[PDB]
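Data first, discussion second: the structure below is written as structure tokens.
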Ligand SMILES: O=C(O)c1cc2ccccc2[nH]1
Ligand SMILES: Nc1nc(Cl)c2nc[nH]c2n1
Ligand SMILES: Nc1nc(Cl)c2nc[nH]c2n1
């Protein structure tokens, strides 16, 4: 990029002059929802304190009705927009959630379906907020060439978005690590990540605590995969990723900080 | 690929290997009320072996502007630890000492490598390593002013490799180390890490040790050594990418995980 990507997230600017950190804020009720909202807000505040550049708020596991997804994400977005100065992303594939979340203060859409849900293209075109287009087969299959297939899919979605009137400067792409991909397919996409960076749009990588990291390192549980995840995110940043979707914000910031100091030496 | 015979225990440097830090000092442990220093160091070395260390570095000489440890006290610390670890692990064991008497006693006790912060400059160290026929790490230590820290460290290591070869130490048994944090500012440490490939051109394996060091703390704003784990793991991965074949670390499991992810990625044609 001659000029670094400058994403206007509803007035909150995300500058991709260096790899940035997107902190994961999950609002899905589990075995342990008003208490869920309170816990998600406290978690988002902790990630902001840890140095996140953006928070990604999601109320659906990646099928809940739109009204239930709104009951989860809207109070979290309303509280975080008032209590942080950070750009906020909403992790949803539903156009009605995208519209309601942006009206509540979200400044970016993170869509696992890459605007394939009926009405999603029209909603994002109308909202004029940045959007992440992720690769997911349908909604782990065999690939003849996973890198070529993900590349082809992302070209199609970028084009579909541009033809719907979404400015190319508002797009981000993501290969979708862990979504219908074996450990070998994920490793291939990470090794060949510079090839996806040639589409003229910033690349987001999310390998945080994923099963493939667990398989490479022999770590069964998500919190046991932190070291391997921080390493994977550093490797992704070295290979062109400009946004990193992580649970372990402070650790990722530290790793990128050390790398930035080293990379700065002529 | 370098094949280091550490007194019968083979260390193959076909990929970066992890050297686990085993400090045998009372200040290294907080369980001294009911444990001995030796027993705590042995249990720690066993934990590092379980975490996947490729070798253990046992040292008895840890404090700001540290008081010199007398030889008899250094032996009292490292020898029982080496004797127990050689019997309870299959790993090559390094002794971190600059004293020839400790080098000889440690090798007789089961150590298979010498890690010398003084690069064999202590009188008798060249004769001990030549006699012992074990691998040896030659580290740089002079924070003083450098006109060119990279060129100065390179020049020192060429001089010490030459001194070791001239004393009869086989070049195949040598390792070099720029000595991160030893009389070096954060800027000097960053320069040496960024220019590490230049040191890898001396035909000898390179060891990098940046584990929980002050420079990592300065780069990340982490005051306490235990808060520097992520920055240290990142520094060690960067060193490995820049040619280091040995990594001297406290956080063995985390470093092994990082190198494992990198190995999988680097293996893609
Ligand atoms: O670790 C030590 O030196 C130490 C622990 C402890 C506990 C109770 C009394 C004395 C003690 N000393
Ligand atoms: N964009 C995005 N990327 C990844 Cl990997 C994800 N994993 C869960 N949600 C996600 N959203
Ligand atoms: N070889 C070696 N290298 C480093 Cl950085 C060290 N730091 C403490 N002891 C050490 N020994």
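We did not get these values from a lab; they are worked out from the coordinates using the rules stated. Positions of Cβ are backbone-derived with ideal geometry, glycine not excepted, and every protein chain shown enters the neighbour counts.
If you go through the range B:206-232 and keep only what is assigned to a loop (DSSP other than H, G, I, E, B) and within 20 Å of residue B:245 (Cβ to Cβ), you end up with B:209, B:210, B:211, B:213. The set of residues in the range B:201-232 being within 13 Å of another protein chain (Cβ to nearest Cβ) and in contact with a strand residue (DSSP E or B) (Cβ under 8 Å, 6 or more places away or on another chain) consists of B:208, B:211, B:232.
Would a scan of the range A:174-187 turn up a residue that is closer than 16 Å to residue A:115 by Cβ, within 15 Å of ligand 2 (Cβ to nearest atom) and in contact with a strand residue (DSSP E or B) (Cβ under 6 Å, 6 or more places away or on another chain)? Looking through the range A:174-187, at least one residue is closer than 16 Å to residue A:115 by Cβ, within 15 Å of ligand 2 (Cβ to nearest atom) and in contact with a strand residue (DSSP E or B) (Cβ under 6 Å, 6 or more places away or on another chain). Meeting the requirement of 2 or more residues that are within 14 Å of chain A (Cβ to nearest Cβ) and within 16 Å of ligand 1 (Cβ to nearest atom), no helices (runs of 4 or more DSSP H) wholly within the range B:2-111 can be named. Considering the range A:233-262, the residues that are in contact with a strand residue (DSSP E or B) (Cβ under 8 Å, 6 or more places away or on another chain), outside any helix (DSSP H, G or I) and more than 20 Å from residue A:57 (Cβ to Cβ) include one that is farthest from the other protein chains (Cβ to nearest Cβ), namely A:242. Evaluating residue A:184 against the criteria (1) at the interface with chain B (Cβ under 10 Å from one of its Cβ atoms); (2) touching a helix residue (DSSP H, G or I) at 6+ places or on another chain (Cβ under 7 Å) leaves one unmet condition, (2). Filtered by the rule that a residue be loosely packed, with under 12 Cβ neighbours inside 10 Å and within 16 Å of ligand 3 (Cβ to nearest atom), the range B:3-44 gives a lone residue, B:27. If only residues of the range A:132-154 that are within 15 Å of ligand 2 (Cβ to nearest atom) and not in a helix (DSSP H, G or I) are counted, the one that is farthest from the chain's Cα centre (by Cα) is A:140. Of everything listed in (1) buried (at least 23 other Cβ atoms within 10 Å of the Cβ); (2) facing chain B (nearest Cβ under 7 Å); (3) not in a helix (DSSP H, G or I), the single unmet condition for residue A:265 is (1).
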